[PDB]
Amino acid sequence: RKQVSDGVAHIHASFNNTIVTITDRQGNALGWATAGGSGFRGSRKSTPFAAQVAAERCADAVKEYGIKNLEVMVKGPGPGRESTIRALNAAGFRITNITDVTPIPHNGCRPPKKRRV
RNA sequence: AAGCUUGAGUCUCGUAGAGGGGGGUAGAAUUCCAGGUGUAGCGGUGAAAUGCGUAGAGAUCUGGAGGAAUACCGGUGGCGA
C-alpha cells in the first residue's frame, strides 16, 4: 500500500527450467515466475526466451510496493541466469548488485554420475 | 690358526614427509522437522509418467539435527614394501 523503493530478487536457472522470485531483504517474497509455468516443455523449457517471458511476467509484480532499486542473487548453470536480469532491469527496475550464490559441496561425499544413453 | 679392511651398521650434531595406530572435535552441503513472507506449480526428457503439489509444494528468510564425505593451500610437491 506504501512505496518502499527497495527489493531483492532470487534467480535460479537449470538445464530444464528457470525460477525468478522477487523478495524484500527481510526475506519476504512478494511474487514469482518460472519458465515451465510460462507454458514450455522439453529442451525448450530451459531456454533464454522461456526465461525472458517469465521475467516479463514477474516484472508486473510489486507495483503497489513501488520497488525500483534491485539486488540479484543468482543460482544454477542454465542460460536463463542472464536474459531474466536484462529484461527485469529494462522493466522499470535498476540493478545495484549481482552476486552468484550457487550452493556447492566443497568437497564430498561421492561424485555424481547420471543418465547414459 | 691369526692379523687387515674397502663390505654392512651405529653413534655424536643435524634433515624432511597427506607412512601407521589410539583418543578428541569442526568446516560445510545433500536432506528433513518447524514458523514468517508468498502462490500454482515442481521434478524428467526426444517426449514423459509414476512421484511431490492448496493436505500451501517449489522459491525466500530463519531456527535445528543425524550421518557420510572433507574446497583453497596442492606443485616436475611428499610418505609407505
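Residues numbered from 1 in each chain as written, not as in the entry; some residues may be left out. Chains lettered and ligands numbered in written order. Part of a larger assembly, values for the part shown. Heavy atoms only, no water.

You'll find chain A entered in the PDB entry as 30S ribosomal protein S11, with Escherichia coli given as the organism. The record lists the entry's title as "E. coli 70S-fMetVal-tRNAVal post-translocation complex (post4)". Recorded in UniProt for chain A, the comment headed Subunit (literature references left out) runs: "Part of the 30S ribosomal subunit. Interacts with proteins uS7 and bS18 (By similarity). Cross-links to IF-3. In stalled ribosomes contacts ribosome rescue factor SmrB." Check the Sequence similarities section of the UniProt entry for chain A; it says "Belongs to the universal ribosomal protein uS11 family." (UniProt positions renumbered as here; feature names shortened; annotations may be inferred.)

A word on the protein's contact with RNA strand B. Surveying the vicinity of RNA strand B reveals 26 residues, the closest of which are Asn-17, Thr-21, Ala-29, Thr-34 and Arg-44. When atoms of RNA strand B within 4 Å of the protein are sorted by moiety, sugar and phosphate together comprise 72%. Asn-17 is positioned with one of its side-chain polar atoms (N or O) 2.8 Å from a phosphate oxygen of RNA strand B. Between a sugar or linking oxygen of RNA strand B and a side-chain N or O atom of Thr-21, the distance comes to 2.7 Å. Those elements that provide at least two residues to the surface near RNA strand B are β2 (18-23) and β3 (29-34). Among the residues forming the surface near RNA strand B, the class breakdown is six nonpolar, 15 polar and five charged. (Near = heavy atom within 4 Å. Polar contact = N/O pair within 3.5 Å; in protein donor to acceptor, adjacent residues only side chain to side chain. Helix = DSSP H or I, 4+ residues; strand = E, 2+ residues; numbered from the N terminus. Nonpolar A, V, L, I, M, F, W, Y, C, P; charged D, E, K, R; others polar.)

Relative to strand β4 (residues 67-75), strand β1 (residues 5-13) runs parallel, the two being bridged by eight bridges. Counted as the bridge partner of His-12 is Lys-75 from β4. In this structure, β4 lies alongside strand β5 (residues 94-100), joined through six bridges in parallel fashion. Its bridge partner being in β5, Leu-70 is matched across the sheet by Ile-95. One crossover worth recording links β4 to the parallel β5 by way of helix α2 (residues 80-88), and it is right-handed. (Pairing = 2+ DSSP bridges. Right-handed = clockwise from strand over helix to strand, strands pointing away.)

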